[PDB]
Amino acid sequence: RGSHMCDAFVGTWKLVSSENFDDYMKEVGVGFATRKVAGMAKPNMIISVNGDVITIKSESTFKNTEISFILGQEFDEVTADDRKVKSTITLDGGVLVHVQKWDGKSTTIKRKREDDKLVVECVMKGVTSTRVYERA
Ligand SMILES: O=C(O)c1ccccc1Nc1cccc(Cl)c1-c1ccccc1
């Protein structure tokens, strides 16, 4: 197989900036202790592509998590804060758009390349958090 546009996401990334993440977690419903510990974490994000399968791993002192998925195909996900969600990830004009649904709620996580950074926007009901990653 040849190259794909989404190969621009592939690599090892480290968190370098976070804005409004505690408020995003509050809107999601994350409890106090988990918010405090998770808000301290500086995750590494590891993205690989193999055929049609994209894998995203997050490694931190808080939790290590991993998802593998095919674009457009719903999957089960257990989040770092221990929500059991239904997830679908698609590509929208170069942006990975990840929708998570659980208990009648929904949140959207967008991943985009900007300059040498990978920018994550997490959105829930009017509350946005921006998490910026750089290559490790
Ligand atoms: O960390 C990020 O940049 C991130 C990026 C994309 C998707 C989810 C992400 N993180 C979380 C989202 C919701 C609840 C939690 Cl606890 C986390 C979390 C916090 C700290 C460490 C690990 C995971």
Side-chain angles (χ1 to χ4, degrees):
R1 309 148 173 150
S3 309
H4 296 143
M5 178 277 303
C6 57
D7 296 343
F9 290 102
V10 166
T12 312
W13 304 90
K14 68 163 138 190
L15 184 75
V16 298
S17 77
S18 182
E19 289 296 341
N20 215 41
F21 190 59
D22 187 58
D23 271 87
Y24 169 75
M25 285 192 289
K26 284 186 174 195
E27 205 75 4
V28 166
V30 186
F32 175 90
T34 298
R35 282 205 321 279
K36 297 299 114 159
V37 173
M40 292 289 299
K42 282 67 147 168
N44 291 337
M45 194 194 301
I46 302 102
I47 301 177
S48 57
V49 177
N50 182 326
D52 292 327
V53 182
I54 301 171
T55 297
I56 304 175
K57 305 181 189 180
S58 176
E59 290 188 349
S60 74
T61 56
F62 171 55
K63 216 71 61 64
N64 298 330
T65 58
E66 171 180 338
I67 59 172
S68 297
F69 57 91
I70 297 171
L71 295 170
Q73 306 200 350
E74 181 181 61
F75 59 98
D76 293 308
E77 178 181 8
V78 179
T79 65
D81 60 305
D82 212 11
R83 280 170 294 132
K84 274 74 188 190
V85 308
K86 297 294 185 179
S87 288
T88 308
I89 304 186
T90 53
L91 220 33
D92 187 311
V95 178
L96 281 166
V97 181
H98 178 179
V99 179
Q100 294 177 336
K101 320 290 235 176
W102 77 103
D103 296 337
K105 305 181 172 23
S106 180
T107 185
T108 300
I109 300 155
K110 293 181 176 189
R111 294 172 167 88
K112 25 172 87 168
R113 281 291 314 276
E114 306 268 13
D115 299 321
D116 289 317
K117 305 202 198 294
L118 184 158
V119 179
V120 183
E121 289 168 57
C122 302
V123 178
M124 182 90 186
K125 285 190 306 179
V127 175
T128 302
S129 171
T130 304
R131 309 267 280 181
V132 179
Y133 289 75
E134 295 181 353
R135 296 215 177 253

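Sequence positions, counted from 1, serve as the residue numbers for this chain. Note that these values count all heavy atoms, side chains included, but never hydrogens, waters or copies made by symmetry.
- Put simply, the side chain of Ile47 reaches to within 4.5 Å of the side chain of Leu118, judged on heavy atoms.
- For the side chain to side chain contact (heavy atoms under 4.5 Å, CB included) test, residues two or more places apart in sequence or in another chain that qualify with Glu66 are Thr55, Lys57, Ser68.
- Ring geometry for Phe75 versus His98: interplanar angle of 30 to 60°, hence tilted.
- Environment of CE in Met5: crowded, with over 12 heavy atoms of neighbouring residues, nucleotides or ligands closer than 6.0 Å.
- Within 6.0 Å of CD in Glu74 there are more than 12 heavy atoms belonging to other residues, nucleotides or ligands.
- Crowding of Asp23 atom CG: a count of heavy atoms from other residues, nucleotides or ligands under 6.0 Å exceeding 12.
- Atom NZ of residue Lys42 and atom CZ of residue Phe62 lie 13.5 Å apart, to the nearest 0.5 angstrom.
- Checked by atom type and distance alone, the side chain of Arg1 never pairs as donor or acceptor with a backbone atom of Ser3 at under 3.5 Å.
- Residues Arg113 and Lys117 come closest through the heavy atom pair NE-O, 3.1 Å.
- Put simply, OG1 on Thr108 and NZ on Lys125 are 13.0 Å apart, with the number rounded to the nearest 0.5 Å.
- Residues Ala80 and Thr65 approach most closely at CA-CG2, 4.2 Å, considering heavy atoms.
- Within a 6.0 Å radius of NZ in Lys63, more than 12 heavy atoms belonging to other residues, nucleotides or ligands are found.
- Side-chain contact between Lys86 and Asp76 is present, with heavy atoms from C-beta onward closer than 4.5 Å.
- A pairwise comparison of heavy atoms in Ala38 and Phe21 identifies O-CE2, 4.5 Å as the closest pair.
- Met124 is listed as a side-chain neighbour of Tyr24, based on a closest heavy-atom distance under 4.5 Å.
- Side-chain contact between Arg83 and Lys105 is absent, with no heavy atoms from C-beta onward closer than 4.5 Å.
- Separation of atoms CD (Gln100) and OG (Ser106) is listed at 8.5 Å; rounding is to 0.5 Å.
- Screening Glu59, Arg131, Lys14 for a side-chain contact (heavy atoms from CB on, under 4.5 Å) involving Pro43 leaves a single residue, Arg131.
- For the side-chain contact (heavy atoms from CB on, under 4.5 Å) test with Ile89, the passing option among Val99, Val97, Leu71, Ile109 is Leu71; the others fail.
- Between the OG atom in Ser48 and the CD1 atom in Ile54 there is a gap of 9.0 Å [rounded to 0.5 Å].
- Atom CD of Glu134 is separated from atom OG of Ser17 by 8.0 Å, given to the nearest 0.5 angstrom.
- In this structure, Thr128 and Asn20 approach most closely via the heavy-atom pair O-ND2, 3.0 Å.
- Taking 4.5 Å as the limit, some side-chain heavy atom of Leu91 sits within range of a side-chain heavy atom of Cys6.
- Not a single donor-acceptor pair under 3.5 Å links the side chain of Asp82 to the backbone N or O of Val78.
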* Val132 and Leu15: side-chain contact (heavy atoms from CB on, under 4.5 Å), yes or no, with the steps? -> CA-CA 6 Å; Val132 179; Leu15 184 75; 5.9 Å; no

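- Checked by atom type and distance alone, the side chain of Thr107 pairs as donor or acceptor with a backbone atom of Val123 at under 3.5 Å.
- In this structure, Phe69 and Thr88 have side chains that are not in contact, with every pair of non-hydrogen atoms separated by 4.5 Å or more.
- Heavy-atom minimum distance, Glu77 versus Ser87: OE1-OG, 2.7 Å.
- Using a 4.5 Å heavy-atom cutoff, the side chains of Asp81 and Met25 are not in contact.
- Partners of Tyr133 by ring pair (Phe, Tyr, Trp, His ring centres under 6.0 Å), not counting sequence neighbours: none found.
- Using a 4.5 Å heavy-atom cutoff, the side chains of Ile46 and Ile56 are not in contact.
- Here the closest non-hydrogen pair linking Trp13 and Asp116 is CZ3-O, 3.6 Å.
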